[PDB]
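Below, in structure tokens: the form deposited in one PDB entry, a single chain.
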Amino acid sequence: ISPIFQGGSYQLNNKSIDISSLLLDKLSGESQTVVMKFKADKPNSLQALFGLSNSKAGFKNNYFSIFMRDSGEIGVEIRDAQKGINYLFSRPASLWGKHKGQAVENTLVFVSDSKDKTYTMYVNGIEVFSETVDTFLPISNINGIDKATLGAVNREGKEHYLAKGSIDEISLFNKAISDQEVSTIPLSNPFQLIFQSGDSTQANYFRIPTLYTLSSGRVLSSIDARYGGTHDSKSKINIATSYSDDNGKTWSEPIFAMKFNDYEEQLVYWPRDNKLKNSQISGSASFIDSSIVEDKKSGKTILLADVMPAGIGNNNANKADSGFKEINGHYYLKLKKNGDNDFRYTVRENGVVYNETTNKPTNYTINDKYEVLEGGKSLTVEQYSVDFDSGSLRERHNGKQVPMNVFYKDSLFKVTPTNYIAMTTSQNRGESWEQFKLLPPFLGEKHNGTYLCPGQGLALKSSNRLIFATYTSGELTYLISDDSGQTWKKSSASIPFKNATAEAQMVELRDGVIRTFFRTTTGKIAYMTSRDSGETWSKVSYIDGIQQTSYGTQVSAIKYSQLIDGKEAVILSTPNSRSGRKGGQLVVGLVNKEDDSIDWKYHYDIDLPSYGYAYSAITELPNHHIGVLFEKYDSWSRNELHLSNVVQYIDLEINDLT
């Protein structure tokens, strides 16, 4: 299983390199594998790394190419005019540019398999596309191929798609190497994966990463395990967690912190074509947006997430209703029975379902898992599975029964179609999680619930106080517990925005002094300050020197434990761009002890300004390195939906940042 061609140390400086004499006559049979280790830290807008072409006049559309874009997209073209074949396969956000200042060696493996009629592309150990066709075109079998080229494609005698970069190593094989053999090829990745396609979650997609360093030194991560592509609810989403006991070097197989069972956990390849990419799992309950904190006193870890029932709806479901009924100073979860046109039930004390019209209790109770019991017996519903077998999304019963939950479409009793917040705890630092409990309404019976700010909660250094930031229209709403999360109270902090996705994260600058950085609609990150451990909040200011888009992106933030240039330091993680979710940065700010103002002194580029960077999580690791888990793609863009293995983890040292 040896190369028919092997070469390296090619410099692509806007001048193609001819390797036709070396390669062309070696090509034989209809299956080929290309292995290429390359750097491109200053790419042109659109460039080919490798071309096989008919360079003759009139045959400009007869070539094979491996190309990239300065957005980080990778692809191939496979074209033959006489055969009437014009294949283009690609995936956005497939590349690295730079890491710690140095050009990243990307490892690219392209397999053209005539027997399976399939083209498969791997970059950096990640499969980014695998495409089967009815009419297979061997790359070697393009009519009149007479040029093998590095760093351009020769069409009619001219250099198209000129590249800037380098190819440190390239090998070709007259065989389609197995997925197994692919996995044995050495990689030089700057990142690692915590959560990934095919792991225990069986989600093909992940979003909304979090990171938190526990007092034992265990580092914990939570994430949205997203099943129906990368869409926000409506979809099927569970909250998964993983932890590292060796400063981020390795990570446990994920488990669920919050899960529903109404729909099967399926690993699905979500269509990316314009006609089908907006298909959505539409009848599933789900979670979305998790946040983690650790309680010094009990030692427990606490995880909150938004919860959504299957009946949720983007506009008329359900602002102006909390889903609870106030009865004598207390709040009770409302319920609608199959058949009624209003919510004539509540879940009163010990989960007894009461009929509000008659105030009489019923023979139904709700257990700890929000499951329905009749006379003490567990009611069930049939699970759903999804498929695109018929050329469109279908959601159908799969024969399997699962406990009946009030969040489900098929349930006898349903909650209000609105967003809630749930809380779970772990007593073993993320080895297992309790059944979740809904938090009560904070803004009243008739206000819909606030939205959890994903990332971290705040454990104040000097007290037992726990704080989770949430948002709603017109304010941040901080949730405050002084009793290990048994009871919560709110602290409202008005902001000058209506319907902003005001995702907020907090740092403690010094004892009792909290600064909250948050997402806005102004193109600038905002902040407010509290000096009484979250009781009251200042007016809103904005950060200069960092740009976000009009719609903005989540910002992650930590207080670094060590002095930098002799001052207290805060590190922010955000895209730095007014155009899209790209140009990732860690920004180091130094605190001015005179006024608690922050001088944003150091900007570290995570990767190229044009390479994707969206939601993020940062934590100070126990060894004082910085851990970063982040969406490495544009999670807003309608062109970069449903990509696998783009949430990645890196390790950095402060010297890297400065």
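Note that residue numbering begins at 1 and tracks the sequence as displayed.
Below, we turn to the form deposited with a small molecule bound, even though it does not appear here.
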Non-hydrogen atom contact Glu620 with the small molecule in the deposited complex at 4.5 angstroms: yes
4.5 Å heavy atom contact, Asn154 to the small molecule in the deposited complex: no
Touches the small molecule in the deposited complex: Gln456 (any heavy atom, 4.5 Å): yes
4.5 Å heavy atom contact, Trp96 and the small molecule in the deposited complex: no
Candidate from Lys42, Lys601, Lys593, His624 lying within 4.5 Å of the small molecule in the deposited complex - any heavy atom: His624
Candidate from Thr213, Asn189, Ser114, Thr424 lying within 4.5 Å of the small molecule in the deposited complex - any heavy atom: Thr213
The small molecule in the deposited complex: contacting segment from 555-563, 385-393, 98-106, 255-263, heavy atom within 4.5 Å: 555-563
